[PDB]
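Here's start.cif, which has mmCIF, C-alpha atoms:
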data_my_file
#
loop_
_atom_site.label_atom_id
_atom_site.label_comp_id
_atom_site.auth_asym_id
_atom_site.auth_seq_id
_atom_site.Cartn_x
_atom_site.Cartn_y
_atom_site.Cartn_z
CA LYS A 1 54.12 23.99 -48.80
CA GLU A 2 51.85 22.10 -51.13
CA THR A 3 52.06 23.21 -54.80
CA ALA A 4 48.96 24.54 -56.59
CA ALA A 5 49.26 21.54 -58.99
CA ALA A 6 49.29 19.06 -56.00
CA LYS A 7 46.39 20.96 -54.39
CA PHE A 8 44.40 20.66 -57.65
CA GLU A 9 44.95 16.88 -57.66
CA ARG A 10 43.93 16.52 -53.99
CA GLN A 11 40.87 18.70 -54.25
CA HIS A 12 39.59 17.79 -57.71
CA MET A 13 40.82 14.51 -59.17
CA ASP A 14 39.23 11.10 -58.48
CA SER A 15 40.76 8.67 -61.06
CA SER A 16 39.85 5.81 -58.68
CA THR A 17 36.08 5.71 -59.44
CA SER A 18 34.19 6.10 -62.69
CA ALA A 19 31.46 8.15 -60.94
CA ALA A 20 29.81 8.79 -57.55
CA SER A 21 28.36 5.43 -56.37
CA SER A 22 26.05 6.76 -53.64
CA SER A 23 24.60 9.92 -52.20
CA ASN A 24 27.35 9.73 -49.52
CA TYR A 25 30.18 10.20 -52.12
CA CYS A 26 30.66 13.93 -51.38
CA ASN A 27 30.40 13.55 -47.60
CA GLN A 28 33.11 10.87 -47.71
CA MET A 29 35.43 12.57 -50.19
CA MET A 30 35.13 16.19 -48.90
CA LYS A 31 36.35 14.72 -45.55
CA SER A 32 39.01 12.26 -46.79
CA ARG A 33 40.63 14.88 -49.08
CA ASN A 34 40.78 17.24 -46.03
CA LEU A 35 38.49 19.86 -47.50
CA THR A 36 36.42 20.00 -44.30
CA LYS A 37 39.35 20.10 -41.88
CA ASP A 38 39.26 23.78 -40.93
CA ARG A 39 35.94 24.89 -42.44
CA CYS A 40 33.25 23.38 -44.69
CA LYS A 41 34.52 24.18 -48.27
CA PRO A 42 31.15 25.14 -49.80
CA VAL A 43 31.38 23.86 -53.39
CA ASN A 44 33.84 21.33 -54.91
CA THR A 45 33.97 19.28 -58.12
CA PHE A 46 35.67 15.88 -58.48
CA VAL A 47 36.71 14.61 -61.97
CA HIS A 48 36.57 10.84 -62.61
CA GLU A 49 39.13 10.68 -65.41
CA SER A 50 42.79 9.82 -65.63
CA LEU A 51 45.14 12.62 -64.44
CA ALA A 52 46.83 12.74 -67.87
CA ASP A 53 43.49 13.45 -69.56
CA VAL A 54 42.69 16.28 -67.18
CA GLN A 55 46.28 17.70 -67.45
CA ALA A 56 45.80 17.63 -71.29
CA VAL A 57 43.03 20.24 -70.97
CA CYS A 58 45.83 22.82 -70.57
CA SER A 59 46.46 22.41 -74.32
CA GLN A 60 42.80 22.47 -75.39
CA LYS A 61 40.40 25.42 -76.01
CA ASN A 62 41.55 28.65 -74.37
CA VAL A 63 38.81 30.72 -72.65
CA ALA A 64 38.91 33.51 -70.02
CA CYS A 65 38.25 32.20 -66.48
CA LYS A 66 35.19 33.56 -64.51
CA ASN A 67 37.56 36.04 -62.83
CA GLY A 68 38.90 37.33 -66.18
CA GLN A 69 42.34 35.66 -66.21
CA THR A 70 43.21 34.34 -69.66
CA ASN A 71 44.87 31.05 -68.57
CA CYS A 72 41.68 28.97 -68.54
CA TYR A 73 40.97 26.05 -70.87
CA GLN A 74 37.81 24.16 -71.75
CA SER A 75 38.07 20.40 -72.35
CA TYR A 76 37.11 19.38 -75.93
CA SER A 77 35.35 16.28 -74.54
CA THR A 78 32.77 15.85 -71.79
CA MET A 79 34.03 14.18 -68.61
CA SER A 80 32.53 12.27 -65.72
CA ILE A 81 32.28 14.73 -62.81
CA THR A 82 30.76 14.87 -59.34
CA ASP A 83 29.51 18.28 -58.10
CA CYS A 84 29.45 18.53 -54.29
CA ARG A 85 27.60 21.47 -52.61
CA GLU A 86 26.67 21.98 -49.00
CA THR A 87 23.27 20.88 -47.76
CA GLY A 88 21.13 23.20 -45.71
CA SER A 89 22.03 21.13 -42.59
CA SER A 90 25.82 21.34 -43.08
CA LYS A 91 27.38 22.76 -39.93
CA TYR A 92 31.10 22.67 -39.12
CA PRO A 93 32.61 20.22 -38.16
CA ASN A 94 29.73 18.15 -39.48
CA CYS A 95 30.05 19.29 -43.06
CA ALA A 96 27.40 17.75 -45.31
CA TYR A 97 26.92 17.75 -49.05
CA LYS A 98 24.59 17.05 -51.92
CA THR A 99 26.27 14.79 -54.48
CA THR A 100 25.31 15.48 -58.18
CA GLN A 101 26.92 13.22 -60.84
CA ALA A 102 26.97 14.53 -64.47
CA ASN A 103 28.91 14.40 -67.79
CA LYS A 104 30.16 17.93 -68.48
CA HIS A 105 32.99 19.81 -70.11
CA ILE A 106 35.48 21.14 -67.54
CA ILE A 107 37.17 24.48 -67.44
CA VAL A 108 40.51 24.78 -65.50
CA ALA A 109 43.26 27.39 -65.10
CA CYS A 110 46.79 26.23 -65.84
CA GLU A 111 50.25 27.38 -64.84
CA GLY A 112 53.82 26.28 -64.85
CA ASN A 113 56.22 24.14 -66.71
CA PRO A 114 54.95 21.52 -67.04
CA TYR A 115 51.75 23.44 -67.78
CA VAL A 116 49.15 21.77 -65.58
CA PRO A 117 45.85 22.59 -63.89
CA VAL A 118 46.04 24.62 -60.75
CA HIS A 119 42.36 25.68 -60.40
CA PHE A 120 38.93 24.15 -61.19
CA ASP A 121 36.87 27.01 -62.74
CA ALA A 122 33.60 25.39 -63.80
CA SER A 123 31.70 22.46 -65.34
CA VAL A 124 29.69 23.47 -68.41
#
Rendering of file as structure tokens:
Amino acid sequence: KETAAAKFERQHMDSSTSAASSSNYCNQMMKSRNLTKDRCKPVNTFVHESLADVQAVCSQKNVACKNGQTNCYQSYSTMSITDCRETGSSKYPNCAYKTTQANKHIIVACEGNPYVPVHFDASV
């Protein structure tokens, strides 16, 4: 089955755009990445940076994840991110989202060898 590292790339990386270009970004991406296939995933962030720069966060500033685990890391630099959250009208299978573009530090959990992101914890 899909690895947690591949899942992270599918759910959270968008190296192909520098930022969201329209309010429809989240509606389009939540569907195309298959995050609305079986239920409307409620919240999801997309990071518009190269995958190597996002992987590199695993060697940046350690911090405990929201859930307490100690394998979280905060990026030293801000990054281009898109926050996607359901709208009040979102109703499966017609999942709908508010797109919010921002420059924030990212926090991710890492695992493995190579040590790479496996969870998106927060944008700060």
**OP:** List the residues matched by the PyMOL selection byres ((chain A and resi 121-124) around 10) in the displayed structure as a list in words, ordered by chain and then by residue number.
**Re:** residues 44, 45, 47, 64, 65, 66, 67, 72, 73, 74, 75, 78, 79, 81, 82, 83, 102, 103, 104, 105, 106, 107, 108, 109, 118, 119 and 120 of chain A
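With all atoms listed in the file as the atoms that count, the residue of A:77, A:69, A:59, A:89 with the shortest distance to residue A:115 is A:59.
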Original post:
Which distance in Å separates atom CA of residue A:99 and atom CA of residue A:26, to one decimal?
Top reply: 5.4 Å
Subject >> Residue contacts of residue A:5 (9 Å, only C-alpha atoms) excluding same-chain residues fewer than 2 positions away, as number ranges by chain >> reply: A: 2-3, 7-10, 110-112, 116-119
**OP:** Apply the PyMOL selection byres ((chain A and resi 92) around 12) to the displayed file and report the matching residues as a ChimeraX atom specification.
**Re:** /A:31,35-42,86-91,93-97
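Minimum atom-to-atom distances from A:54, A:6, A:13, A:84 to residue A:25 were compared using all atoms listed in the file, and the lowest value belongs to A:84.
Between atom CA of residue A:58 and atom CA of residue A:114 there is a distance of 9.9 Å.
Picture a line from atom CA of residue A:17 to atom CA of residue A:51; it runs 12.4 Å.
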Subject >> From A:70, A:60, A:98, A:76, residue lying nearest residue A:28 [only C-alpha atoms] >> reply: A:98
Subject >> Which residue of A:34, A:80, A:24, A:55 approaches residue A:113 most closely, using all atoms listed in the file >> reply: A:55
**OP:** Write out as an MDAnalysis selection string which residues come within 6 Å of residue A:15 when counting all atoms listed in the file, dropping same-chain ones fewer than 3 positions away.
**Re:** chainID A and resid 48:50
